[PDB]
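Novice: The entry's author numbering applies: residue 3 is where the sequence shown begins, and numbers increase by one. Virtual Cβ for every residue (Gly too), placed ideally from N, Cα, C.
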Amino acid sequence: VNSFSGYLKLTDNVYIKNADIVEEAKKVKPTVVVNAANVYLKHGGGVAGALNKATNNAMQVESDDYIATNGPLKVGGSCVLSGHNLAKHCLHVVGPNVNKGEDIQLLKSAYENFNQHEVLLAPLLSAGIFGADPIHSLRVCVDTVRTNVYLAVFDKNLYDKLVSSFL
Ligand SMILES: Cc1oc(=O)oc1CSc1ncnc2[nH]cnc12
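Below is the structure:
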């Protein structure tokens, strides 16, 4: 038993809800919240901008030191950093950005990072401003992640479409 509430169960291990991931993190304080990161951990907009704003820019400060020490992530890769006031940990995962021409097959590799964590609160990777088809992202999530994932979909219209079209 865990504290996630109001989710629709899609599969044995995947759950979905129309929610703001920032507000969901602040209420659940999950062990892991996933950020829709880029390789530079520049948290400007989308999910990343919103999570970082909710940390009063502490996520960005921590991220800049991480990059200064380690260099950029790989597309499809991840790193674990602090969850600040939102979660114990933040798993920063880089899905391919279609608006940069990145290979969409890297979406499966990106979701594989979720399997290193028993339970996660997450957005759909490569959705929103990363330009991928969210229906496809949900399919890859279901077919790749084996651990327990709670997906927050900000937009109510998209949430309903994701549920209604789910196979
Ligand atoms: C736009 C975007 O940018 C990013 O990096 O990921 C996403 C995923 S959609 C999203 N955008 C904002 N708040 C949310 N809460 C739950 N899903 C979302």
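Write down every uninterrupted run of the beta strand (DSSP E) in the stretch 103-148 whose length is 3 residues or greater and which is fully enclosed by it, in chain order.
Specialist: Correct list: 121-124.
Novice: Give the straight-line distance between the Cα atoms of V121 and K44, rounded to the nearest whole angstrom.
Specialist: Near 25 Å, if we compare the C-alpha coordinates of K44 and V121.
Novice: Using a Cβ distance threshold of 8 Å, determine whether the stretch 44-61 contacts the stretch 85-94, with at least three qualifying pairs required.
Specialist: Yes, since at least three Cβ pairs between the stretch 44-61 and the stretch 85-94 fall closer than 8 Å, the two stretches touch.
Novice: State the DSSP-derived secondary structure class of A38, mapped to helix, strand or coil.
Specialist: Of the three classes helix, strand and coil, the one that applies to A38 here is strand, per DSSP.
Novice: So the candidates are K90, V30, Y42, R141; which of them puts its Cα closest to the Cα of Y113?
Specialist: Nearest C-alpha to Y113: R141.
Novice: Can you check whether the CB of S65 is closer than 7 Å to the CB of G97?
Specialist: Result no, Cβ atoms of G97 and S65 do not sit closer than 7 Å.
Novice: Do you know how far the Cα of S80 is from the Cα of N115?
Specialist: Approximately 7 Å between the Cα atoms of the pair.
Novice: Can you look up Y9 in the DSSP assignment and give me helix, strand or coil?
Specialist: In the structure shown, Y9 sits in coil (DSSP, three-state: anything other than H, G, I, E or B).
Novice: Taking the alpha carbon of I131 as the point to measure from, which residue in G8, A38, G73 has its own alpha carbon closest?
Specialist: Residue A38 is the option with its Cα nearest to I131.
Novice: Entirely within the stretch 45-97 and at least 3 residues each: give me those beta strand (DSSP E) ranges in chain order.
Specialist: Correct list: 80-84, 91-95.
Novice: Here's a check: name, in chain order, each residue in its chain whose Cβ is nearer than 6 Å to the Cβ of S5, leaving out the five neighbours to either side.
Specialist: Answer for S5: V30, listed in chain order.
Novice: For ligand 1, is there any heavy atom lying closer than 6 Å to the beta carbon of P74?
Specialist: Checking the Cβ of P74 against ligand 1 gives no.
Novice: Under 7 Å Cβ to Cβ from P136, same chain only, skipping five residues before and after it: list those, please.
Specialist: Cβ within range, chain order: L126, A129, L160, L164.
Novice: Do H91 and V34 have their C-beta atoms within less than 7 Å of each other?
Specialist: Yes, the pair counts as a contact, with Cβ atoms nearer than the cut-off.
Novice: If you follow the alpha helix (DSSP H) that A27 is part of, which residue opens it and which one closes it?
Specialist: Segment 23-30, the alpha helix (DSSP H) holding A27.
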